[PDB]
$ cat coords-v6.txt   # compact mmCIF, N, CA and C atoms and all ligand atoms
# COMPACT_ATOMS: atom_id res chain seq x y z
N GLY A 1 0.83 -1.19 0.00
CA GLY A 1 0.00 0.00 0.00
C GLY A 1 0.86 1.24 0.00
N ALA A 2 0.26 2.39 0.31
CA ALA A 2 1.05 3.60 0.50
C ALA A 2 2.22 3.35 1.43
N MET A 3 1.99 2.54 2.48
CA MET A 3 2.98 2.25 3.51
C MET A 3 3.86 1.07 3.10
N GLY A 4 5.17 1.26 3.21
CA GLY A 4 6.09 0.17 3.04
C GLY A 4 6.20 -0.69 4.28
N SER A 5 7.09 -1.67 4.20
CA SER A 5 7.41 -2.46 5.38
C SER A 5 8.84 -2.98 5.26
N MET A 6 9.41 -3.27 6.41
CA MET A 6 10.71 -3.90 6.52
C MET A 6 10.56 -5.16 7.37
N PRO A 7 11.34 -6.21 7.08
CA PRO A 7 11.31 -7.40 7.95
C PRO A 7 11.66 -7.03 9.38
N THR A 8 10.86 -7.52 10.33
CA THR A 8 11.10 -7.26 11.74
C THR A 8 11.16 -8.57 12.53
N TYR A 9 11.72 -8.46 13.73
CA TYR A 9 11.73 -9.54 14.70
C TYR A 9 11.31 -8.96 16.05
N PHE A 10 10.66 -9.80 16.86
CA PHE A 10 10.33 -9.41 18.23
C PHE A 10 11.58 -9.56 19.08
N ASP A 11 12.24 -8.44 19.37
CA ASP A 11 13.50 -8.48 20.09
C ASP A 11 13.27 -8.84 21.54
N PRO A 12 13.78 -9.97 22.04
CA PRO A 12 13.57 -10.30 23.45
C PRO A 12 14.26 -9.33 24.39
N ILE A 13 15.34 -8.69 23.94
CA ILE A 13 16.08 -7.77 24.81
C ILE A 13 15.19 -6.60 25.22
N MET A 14 14.59 -5.92 24.25
CA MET A 14 13.74 -4.77 24.53
C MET A 14 12.25 -5.10 24.50
N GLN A 15 11.88 -6.34 24.15
CA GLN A 15 10.48 -6.77 24.13
C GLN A 15 9.66 -5.92 23.16
N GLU A 16 10.13 -5.85 21.93
CA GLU A 16 9.56 -4.94 20.95
C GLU A 16 9.90 -5.43 19.55
N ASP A 17 9.00 -5.17 18.61
CA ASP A 17 9.29 -5.44 17.21
C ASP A 17 10.39 -4.49 16.72
N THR A 18 11.38 -5.05 16.03
CA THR A 18 12.61 -4.34 15.66
C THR A 18 12.96 -4.65 14.21
N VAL A 19 13.32 -3.60 13.45
CA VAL A 19 13.71 -3.79 12.05
C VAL A 19 14.98 -4.62 11.98
N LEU A 20 14.94 -5.67 11.16
CA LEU A 20 16.10 -6.52 10.94
C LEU A 20 17.07 -5.83 9.99
N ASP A 21 18.34 -5.74 10.38
CA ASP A 21 19.35 -5.19 9.48
C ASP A 21 20.65 -5.96 9.67
N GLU A 22 21.70 -5.50 8.98
CA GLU A 22 22.97 -6.21 8.99
C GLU A 22 23.64 -6.21 10.36
N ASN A 23 23.14 -5.43 11.31
CA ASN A 23 23.69 -5.38 12.66
C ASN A 23 22.97 -6.29 13.64
N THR A 24 21.86 -6.90 13.21
CA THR A 24 21.13 -7.86 14.04
C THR A 24 21.96 -9.11 14.28
N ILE A 25 21.92 -9.62 15.51
CA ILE A 25 22.55 -10.89 15.84
C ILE A 25 21.56 -12.01 15.54
N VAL A 26 21.96 -12.95 14.69
CA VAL A 26 21.09 -14.04 14.26
C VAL A 26 21.81 -15.36 14.49
N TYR A 27 21.07 -16.36 14.97
CA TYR A 27 21.63 -17.68 15.22
C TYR A 27 20.49 -18.69 15.29
N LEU A 28 20.86 -19.97 15.20
CA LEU A 28 19.94 -21.09 15.32
C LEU A 28 20.13 -21.78 16.66
N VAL A 29 19.02 -22.19 17.28
CA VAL A 29 19.08 -23.08 18.43
C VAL A 29 18.24 -24.32 18.13
N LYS A 30 18.57 -25.40 18.83
CA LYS A 30 17.86 -26.67 18.71
C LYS A 30 16.85 -26.78 19.85
N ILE A 31 15.59 -27.03 19.51
CA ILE A 31 14.54 -27.15 20.52
C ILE A 31 13.94 -28.54 20.58
N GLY A 32 14.42 -29.47 19.77
CA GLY A 32 13.94 -30.84 19.77
C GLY A 32 14.66 -31.61 18.70
N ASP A 33 14.30 -32.89 18.57
CA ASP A 33 14.88 -33.69 17.51
C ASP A 33 14.34 -33.21 16.16
N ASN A 34 15.25 -32.93 15.23
CA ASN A 34 14.91 -32.39 13.91
C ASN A 34 14.06 -31.12 14.01
N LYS A 35 14.21 -30.36 15.10
CA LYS A 35 13.44 -29.14 15.32
C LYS A 35 14.39 -28.03 15.74
N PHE A 36 14.55 -27.02 14.88
CA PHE A 36 15.44 -25.90 15.13
C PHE A 36 14.67 -24.60 15.02
N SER A 37 15.15 -23.57 15.72
CA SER A 37 14.47 -22.28 15.73
C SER A 37 15.47 -21.17 15.40
N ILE A 38 15.04 -20.24 14.56
CA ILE A 38 15.84 -19.08 14.21
C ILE A 38 15.57 -17.97 15.23
N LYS A 39 16.64 -17.44 15.82
CA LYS A 39 16.53 -16.40 16.84
C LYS A 39 17.24 -15.14 16.37
N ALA A 40 16.71 -13.99 16.77
CA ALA A 40 17.33 -12.70 16.48
C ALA A 40 17.29 -11.84 17.73
N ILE A 41 18.42 -11.24 18.09
CA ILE A 41 18.51 -10.36 19.26
C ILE A 41 19.27 -9.10 18.89
N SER A 42 18.97 -8.00 19.59
CA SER A 42 19.63 -6.74 19.26
C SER A 42 21.03 -6.66 19.85
N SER A 43 21.28 -7.38 20.94
CA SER A 43 22.58 -7.37 21.60
C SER A 43 22.67 -8.62 22.46
N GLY A 44 23.88 -8.91 22.94
CA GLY A 44 24.05 -9.86 24.03
C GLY A 44 24.76 -11.16 23.71
N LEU A 45 25.17 -11.39 22.47
CA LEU A 45 25.73 -12.70 22.13
C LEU A 45 26.95 -13.03 22.99
N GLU A 46 27.77 -12.03 23.32
CA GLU A 46 29.00 -12.24 24.07
C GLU A 46 28.81 -12.14 25.58
N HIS A 47 27.63 -11.73 26.05
CA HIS A 47 27.42 -11.54 27.48
C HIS A 47 26.31 -12.38 28.08
N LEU A 48 25.28 -12.73 27.31
CA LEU A 48 24.19 -13.52 27.86
C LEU A 48 24.67 -14.94 28.18
N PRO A 49 24.07 -15.60 29.18
CA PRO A 49 24.46 -16.98 29.49
C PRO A 49 23.71 -18.03 28.69
N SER A 50 22.66 -17.64 27.98
CA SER A 50 21.81 -18.55 27.22
C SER A 50 20.91 -17.71 26.33
N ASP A 51 20.27 -18.38 25.38
CA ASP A 51 19.32 -17.73 24.50
C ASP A 51 18.13 -17.23 25.31
N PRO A 52 17.69 -15.98 25.12
CA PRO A 52 16.60 -15.45 25.97
C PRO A 52 15.30 -16.26 25.99
N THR A 53 14.78 -16.70 24.84
CA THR A 53 13.46 -17.32 24.84
C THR A 53 13.47 -18.82 25.10
N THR A 54 14.57 -19.52 24.84
CA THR A 54 14.62 -20.96 25.07
C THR A 54 15.60 -21.37 26.16
N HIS A 55 16.48 -20.47 26.58
CA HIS A 55 17.58 -20.75 27.51
C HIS A 55 18.52 -21.82 26.97
N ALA A 56 18.54 -22.03 25.65
CA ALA A 56 19.53 -22.90 25.05
C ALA A 56 20.93 -22.32 25.25
N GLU A 57 21.88 -23.18 25.60
CA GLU A 57 23.26 -22.74 25.79
C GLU A 57 24.10 -22.89 24.54
N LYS A 58 23.66 -23.70 23.58
CA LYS A 58 24.38 -23.94 22.34
C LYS A 58 23.63 -23.30 21.19
N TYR A 59 24.37 -22.75 20.23
CA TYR A 59 23.75 -22.11 19.08
C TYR A 59 24.65 -22.26 17.86
N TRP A 60 24.06 -22.08 16.69
CA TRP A 60 24.78 -22.08 15.42
C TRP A 60 24.66 -20.68 14.83
N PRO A 61 25.75 -19.94 14.66
CA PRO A 61 25.65 -18.59 14.09
C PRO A 61 25.22 -18.62 12.64
N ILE A 62 24.43 -17.61 12.27
CA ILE A 62 23.89 -17.41 10.92
C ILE A 62 24.15 -15.95 10.57
N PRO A 63 24.72 -15.63 9.40
CA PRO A 63 24.87 -14.22 9.03
C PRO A 63 23.50 -13.57 8.89
N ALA A 64 23.38 -12.35 9.43
CA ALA A 64 22.13 -11.60 9.28
C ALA A 64 21.72 -11.50 7.81
N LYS A 65 22.70 -11.35 6.92
CA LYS A 65 22.40 -11.21 5.50
C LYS A 65 21.64 -12.43 4.97
N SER A 66 21.96 -13.62 5.48
CA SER A 66 21.28 -14.83 5.02
C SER A 66 19.80 -14.80 5.39
N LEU A 67 19.47 -14.36 6.61
CA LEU A 67 18.07 -14.25 7.00
C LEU A 67 17.36 -13.15 6.21
N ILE A 68 18.02 -11.99 6.03
CA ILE A 68 17.41 -10.89 5.28
C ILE A 68 17.09 -11.32 3.86
N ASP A 69 17.98 -12.10 3.25
CA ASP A 69 17.79 -12.52 1.87
C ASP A 69 16.67 -13.54 1.71
N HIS A 70 16.14 -14.06 2.82
CA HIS A 70 14.99 -14.95 2.81
C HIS A 70 13.75 -14.28 3.38
N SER A 71 13.69 -12.94 3.34
CA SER A 71 12.65 -12.21 4.06
C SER A 71 11.26 -12.41 3.48
N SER A 72 11.15 -12.90 2.24
CA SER A 72 9.86 -13.20 1.63
C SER A 72 9.49 -14.67 1.74
N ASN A 73 10.32 -15.49 2.37
CA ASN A 73 10.04 -16.92 2.50
C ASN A 73 9.00 -17.13 3.60
N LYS A 74 7.87 -17.74 3.24
CA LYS A 74 6.76 -17.89 4.18
C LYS A 74 7.11 -18.84 5.33
N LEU A 75 8.19 -19.61 5.20
CA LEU A 75 8.63 -20.43 6.32
C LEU A 75 9.14 -19.57 7.47
N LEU A 76 9.91 -18.53 7.15
CA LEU A 76 10.58 -17.72 8.16
C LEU A 76 9.81 -16.47 8.55
N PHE A 77 9.01 -15.91 7.64
CA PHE A 77 8.33 -14.64 7.88
C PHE A 77 6.86 -14.76 7.53
N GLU A 78 6.01 -14.25 8.42
CA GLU A 78 4.57 -14.17 8.20
C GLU A 78 4.18 -12.70 8.33
N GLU A 79 3.90 -12.06 7.18
CA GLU A 79 3.58 -10.63 7.12
C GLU A 79 4.76 -9.79 7.61
N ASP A 80 5.95 -10.14 7.12
CA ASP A 80 7.21 -9.44 7.39
C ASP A 80 7.63 -9.52 8.85
N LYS A 81 7.11 -10.48 9.62
CA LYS A 81 7.55 -10.72 10.99
C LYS A 81 8.16 -12.11 11.09
N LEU A 82 9.32 -12.19 11.76
CA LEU A 82 10.03 -13.45 11.90
C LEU A 82 9.16 -14.48 12.60
N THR A 83 9.08 -15.68 12.01
CA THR A 83 8.27 -16.74 12.60
C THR A 83 8.88 -17.20 13.92
N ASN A 84 8.02 -17.76 14.77
CA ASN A 84 8.44 -18.42 16.00
C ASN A 84 8.30 -19.93 15.92
N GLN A 85 7.97 -20.47 14.74
CA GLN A 85 7.77 -21.89 14.51
C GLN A 85 9.08 -22.58 14.14
N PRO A 86 9.25 -23.84 14.53
CA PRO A 86 10.51 -24.53 14.26
C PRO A 86 10.62 -24.96 12.80
N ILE A 87 11.86 -25.25 12.40
CA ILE A 87 12.14 -25.77 11.07
C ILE A 87 13.01 -27.01 11.18
N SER A 88 12.86 -27.91 10.21
CA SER A 88 13.56 -29.18 10.19
C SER A 88 15.03 -28.98 9.81
N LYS A 89 15.83 -30.01 10.09
CA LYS A 89 17.24 -29.99 9.70
C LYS A 89 17.39 -29.82 8.19
N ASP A 90 16.52 -30.48 7.41
CA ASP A 90 16.56 -30.32 5.96
C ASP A 90 16.28 -28.87 5.58
N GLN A 91 15.24 -28.28 6.16
CA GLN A 91 14.95 -26.87 5.92
C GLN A 91 16.12 -25.98 6.33
N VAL A 92 16.78 -26.31 7.45
CA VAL A 92 17.95 -25.54 7.86
C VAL A 92 19.02 -25.61 6.78
N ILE A 93 19.26 -26.80 6.23
CA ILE A 93 20.27 -26.94 5.19
C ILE A 93 19.87 -26.16 3.94
N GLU A 94 18.59 -26.21 3.57
CA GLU A 94 18.15 -25.56 2.33
C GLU A 94 18.20 -24.05 2.46
N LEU A 95 17.82 -23.52 3.62
CA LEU A 95 17.74 -22.07 3.79
C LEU A 95 19.09 -21.46 4.12
N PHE A 96 19.90 -22.12 4.96
CA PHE A 96 21.10 -21.50 5.50
C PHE A 96 22.40 -22.24 5.19
N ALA A 97 22.34 -23.39 4.52
CA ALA A 97 23.54 -24.13 4.09
C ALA A 97 24.39 -24.59 5.28
N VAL A 98 23.73 -25.00 6.36
CA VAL A 98 24.40 -25.55 7.53
C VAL A 98 23.68 -26.83 7.92
N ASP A 99 24.43 -27.92 8.07
CA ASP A 99 23.90 -29.10 8.74
C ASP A 99 24.25 -28.98 10.21
N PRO A 100 23.29 -28.69 11.09
CA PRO A 100 23.63 -28.49 12.50
C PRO A 100 24.04 -29.77 13.21
N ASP A 101 23.47 -30.91 12.82
CA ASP A 101 23.86 -32.17 13.45
C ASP A 101 25.22 -32.67 12.96
N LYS A 102 25.84 -31.99 11.99
CA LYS A 102 27.20 -32.27 11.57
C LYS A 102 28.12 -31.05 11.70
N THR A 103 27.69 -30.01 12.42
CA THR A 103 28.53 -28.84 12.65
C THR A 103 28.56 -28.57 14.15
N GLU A 104 29.74 -28.30 14.67
CA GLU A 104 29.87 -28.06 16.10
C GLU A 104 29.24 -26.72 16.42
N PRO A 105 28.27 -26.65 17.32
CA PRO A 105 27.72 -25.35 17.72
C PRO A 105 28.72 -24.59 18.58
N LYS A 106 28.45 -23.30 18.73
CA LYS A 106 29.11 -22.49 19.75
C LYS A 106 28.29 -22.54 21.03
N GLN A 107 28.87 -21.99 22.10
CA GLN A 107 28.23 -22.00 23.41
C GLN A 107 28.21 -20.59 23.97
N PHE A 108 27.07 -20.20 24.55
CA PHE A 108 27.02 -18.94 25.27
C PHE A 108 28.04 -18.96 26.39
N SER A 109 28.61 -17.79 26.68
CA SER A 109 29.68 -17.65 27.66
C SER A 109 29.12 -17.61 29.08
N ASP A 110 29.93 -18.11 30.02
CA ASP A 110 29.64 -17.99 31.45
C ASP A 110 30.46 -16.90 32.13
N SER A 111 31.10 -16.04 31.35
CA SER A 111 32.08 -15.11 31.90
C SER A 111 31.44 -14.05 32.80
N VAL A 112 30.23 -13.57 32.49
CA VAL A 112 29.70 -12.47 33.29
C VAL A 112 29.38 -12.94 34.72
N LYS A 113 28.78 -14.12 34.87
CA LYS A 113 28.50 -14.63 36.22
C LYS A 113 29.78 -14.93 36.98
N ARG A 114 30.79 -15.45 36.28
CA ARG A 114 32.10 -15.66 36.91
C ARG A 114 32.68 -14.35 37.41
N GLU A 115 32.57 -13.28 36.62
CA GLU A 115 33.10 -11.98 37.04
C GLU A 115 32.30 -11.40 38.20
N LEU A 116 30.98 -11.56 38.16
CA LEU A 116 30.15 -11.13 39.29
C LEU A 116 30.57 -11.84 40.59
N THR A 117 30.73 -13.16 40.52
CA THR A 117 31.12 -13.94 41.69
C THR A 117 32.48 -13.51 42.22
N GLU A 118 33.46 -13.33 41.33
CA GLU A 118 34.77 -12.86 41.76
C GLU A 118 34.69 -11.46 42.38
N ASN A 119 33.87 -10.58 41.80
CA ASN A 119 33.72 -9.23 42.35
C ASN A 119 33.16 -9.26 43.76
N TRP A 120 32.12 -10.07 43.99
CA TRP A 120 31.58 -10.20 45.35
C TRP A 120 32.62 -10.78 46.31
N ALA A 121 33.33 -11.84 45.89
CA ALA A 121 34.30 -12.47 46.78
C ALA A 121 35.42 -11.50 47.16
N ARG A 122 35.91 -10.72 46.20
CA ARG A 122 36.97 -9.77 46.51
C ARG A 122 36.46 -8.66 47.41
N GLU A 123 35.22 -8.23 47.22
CA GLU A 123 34.67 -7.18 48.08
C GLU A 123 34.52 -7.67 49.52
N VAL A 124 34.13 -8.95 49.70
CA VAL A 124 34.00 -9.52 51.04
C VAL A 124 35.34 -9.46 51.77
N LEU A 125 36.42 -9.79 51.07
CA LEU A 125 37.73 -9.94 51.68
C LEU A 125 38.54 -8.64 51.75
N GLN A 126 38.04 -7.55 51.16
CA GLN A 126 38.67 -6.24 51.27
C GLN A 126 37.99 -5.44 52.38
N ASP A 127 38.65 -4.37 52.80
CA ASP A 127 38.12 -3.55 53.90
C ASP A 127 37.82 -2.11 53.49
NA NA B 1 25.01 -12.40 31.65
NA NA B 2 19.45 -15.39 29.09
$ encode --input "coords-v6.txt" --output "structure tokens"
Amino acid sequence: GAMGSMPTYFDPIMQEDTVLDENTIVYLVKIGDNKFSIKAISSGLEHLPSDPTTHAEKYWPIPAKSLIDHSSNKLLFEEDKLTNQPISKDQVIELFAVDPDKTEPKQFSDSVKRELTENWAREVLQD
């Protein structure tokens, strides 16, 4: 119509629909056997301990450009909004060229909680 649209995702960080661009953090998590979910967040890949909506600790990185280039695919987007429905391993291979069951995932870091714990312990023992 008169109004355009851009692909958006519901950002768990700010709890708001957010325009997807090349600065969006995008990754895959596994939520079941042959069931994977595409996630997008505005920040936090290096600081969060797990994925916000599933608390998955393991993920497969996906370039934002790959998701943007599929923005008209009805599997991933419904009315220009990122789907919350899972996709099969075959669909993952077809859309993103990654076999997750044959690729080592990355893991969210535990560094922030470790630093918090060390900060408390040092404060206890200082005067
Ligand atoms: Na954290
Ligand atoms: Na989290």
$ residues_around --input "coords-v6.txt" --residues "range 47-64 of chain A" --least-positions-apart "6" --cutoff "6 Å" --atoms "only C-alpha atoms" --output "number ranges by chain"
A: 22, 26-29, 105-110
$ atom_distance --input "coords-v6.txt" --atom1 "CA of residue 31 in chain A" --atom2 "atom N of residue 89 in chain A"
10.9 Å
$ atom_distance --input "coords-v6.txt" --atom1 "CA of residue 38 in chain A" --atom2 "CA of residue 102 in chain A"
17.6 Å
$ axis_aligned_box --input "coords-v6.txt" --around "range 72-86 of chain A" --padding-each-side "8 Å" --output "AutoDock Vina command-line options"
--center_x 7.4 --center_y -17.2 --center_z 8.8 --size_x 23.6 --size_y 31.5 --size_z 30.4
$ closest_residue --input "coords-v6.txt" --among "A:33, A:84, A:44, A:65" --to "residue 10 in chain A" --atoms "only C-alpha atoms"
A:84
$ closest_residue --input "coords-v6.txt" --among "A:19, A:45, A:97, A:112" --to "ligand NA 1 (chain B)" --atoms "all atoms listed in the file"
A:112
$ closest_residue --input "coords-v6.txt" --among "A:126, A:18, A:11, A:34" --to "residue 90 in chain A" --atoms "only N, CA and C atoms"
A:34
$ atom_distance --input "coords-v6.txt" --atom1 "atom C of residue 99 in chain A" --atom2 "atom N of residue 71 in chain A"
20.4 Å
$ closest_residue --input "coords-v6.txt" --among "A:111, A:85, A:117, A:43" --to "ligand NA 1 (chain B)" --atoms "only C-alpha atoms and all ligand atoms"
A:111
$ residues_around --input "coords-v6.txt" --residues "residue 87 in chain A" --least-positions-apart "5" --cutoff "5 Å" --atoms "all atoms listed in the file" --output "list in words"
residues 35, 36 and 37 of chain A
$ select_by_dssp --input "coords-v6.txt" --residues "range 1-125 of chain A" --states "strand (DSSP E)" --output "ChimeraX atom specification"
/A:8-11,16-19,25-32,35-41,58-61,106-107
$ select_by_dssp --input "coords-v6.txt" --residues "chain A" --states "alpha helix (DSSP H)" --output "PyMOL selection string"
chain A and resi 64-68+89-96+111-125
$ closest_residue --input "coords-v6.txt" --among "A:95, A:113, A:9, A:73" --to "ligand NA 1 (chain B)" --atoms "all atoms listed in the file"
A:113
$ closest_residue --input "coords-v6.txt" --among "A:46, A:80, A:94, A:125" --to "ligand NA 1 (chain B)" --atoms "all atoms listed in the file"
A:46
$ decode --input "coords-v6.txt" --residues "range 24-49 of chain A" --atoms "C-alpha atoms" --output "compact mmCIF listing (two decimals), in the first residue's frame"
# COMPACT_ATOMS: atom_id res chain seq x y z
CA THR A 24 21.13 -7.86 14.04
CA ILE A 25 22.55 -10.89 15.84
CA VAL A 26 21.09 -14.04 14.26
CA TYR A 27 21.63 -17.68 15.22
CA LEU A 28 19.94 -21.09 15.32
CA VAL A 29 19.08 -23.08 18.43
CA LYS A 30 17.86 -26.67 18.71
CA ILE A 31 14.54 -27.15 20.52
CA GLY A 32 13.94 -30.84 19.77
CA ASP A 33 14.88 -33.69 17.51
CA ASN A 34 14.91 -32.39 13.91
CA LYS A 35 13.44 -29.14 15.32
CA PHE A 36 15.44 -25.90 15.13
CA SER A 37 14.47 -22.28 15.73
CA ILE A 38 15.84 -19.08 14.21
CA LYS A 39 16.53 -16.40 16.84
CA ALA A 40 17.33 -12.70 16.48
CA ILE A 41 18.51 -10.36 19.26
CA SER A 42 19.63 -6.74 19.26
CA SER A 43 22.58 -7.37 21.60
CA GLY A 44 24.05 -9.86 24.03
CA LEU A 45 25.73 -12.70 22.13
CA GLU A 46 29.00 -12.24 24.07
CA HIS A 47 27.42 -11.54 27.48
CA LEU A 48 24.19 -13.52 27.86
CA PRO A 49 24.46 -16.98 29.49
